[PDB]
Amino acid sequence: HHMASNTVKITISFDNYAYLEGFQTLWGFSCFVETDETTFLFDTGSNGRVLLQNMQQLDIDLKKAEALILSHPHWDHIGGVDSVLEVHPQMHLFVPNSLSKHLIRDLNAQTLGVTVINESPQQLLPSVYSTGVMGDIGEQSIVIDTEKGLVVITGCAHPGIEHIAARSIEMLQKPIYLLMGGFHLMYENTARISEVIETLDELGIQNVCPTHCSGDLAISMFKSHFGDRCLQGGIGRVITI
């Protein structure tokens, strides 16, 4: 009994892992989201020239995108904004208040307008919600409401992947079908990661797709724990809900 999404197609378009041959791996994250109600870009990687190149090689039509959502102000997620907005300025933007006011001003003058998200969760597009800005760095994740459950996407997940999972489940009172993105576990030891995994098991996370800054150790442990419920990420990966 929800106003959920019919089909959701997520394409990783920038990553430091490669799911497909023919793509330059670089540090950063970005993914292209197509639903039956909206189309949007989530983050822009560290390099907008490679990002545009990746999208041409993936047959991603950037001009079909209605909105650009930014997770947090780090170089490896806003590094492609200028290249994206040059070719497709007619977009509404959704950014966290952690972003420089100078940048927010420049973006407003270039696009259909910038919505600034605060600590309060908020719907952005049909079936697409922001967690609100969390953590000291000031990061927002996006929650997509689908028939199979929630799909949560994070940039580097600085506030803690388990706090973002729990925030999303509170917002919409549905379980999480897919938790994906960068988890920022690359500097953590084995013990800590097993605690995170088992908290994600308590919350009932059904599938995960850790990539970007998640860490080789964490990704391996996630794989051995979730098995086939742990999806291979990287540039060119396509996930359909």
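Numbering starts at 1 and runs along the sequence shown.
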| item | value |
| --- | --- |
| Stretch with the greater mean C-alpha B-factor as recorded in the entry, comparing 213-221 against 10-18 | 213-221 |
| Greater mean Cα temperature factor according to the PDB record, 1-9 or 231-239 | 1-9 |
| Maximum C-alpha temperature factor, selected from 41, 196, 50, 179 | 196 |
| Member of 170, 82, 139, 76 with the greatest C-alpha B factor (per the PDB record) | 170 |
| Chain thirds of CA B-factor: placement of residue 146 | highest |
| Third of chain Cα B-factors occupied by residue 29 | lowest |
| Lowest, middle or highest third - CA B-factor, residue 118 | middle |
| Third of the chain's Cα B-factor distribution that residue 67 belongs to, per the entry | lowest |
| Entry-reported Cα temperature factor of residue 58, expressed as the chain third it lands in | lowest |
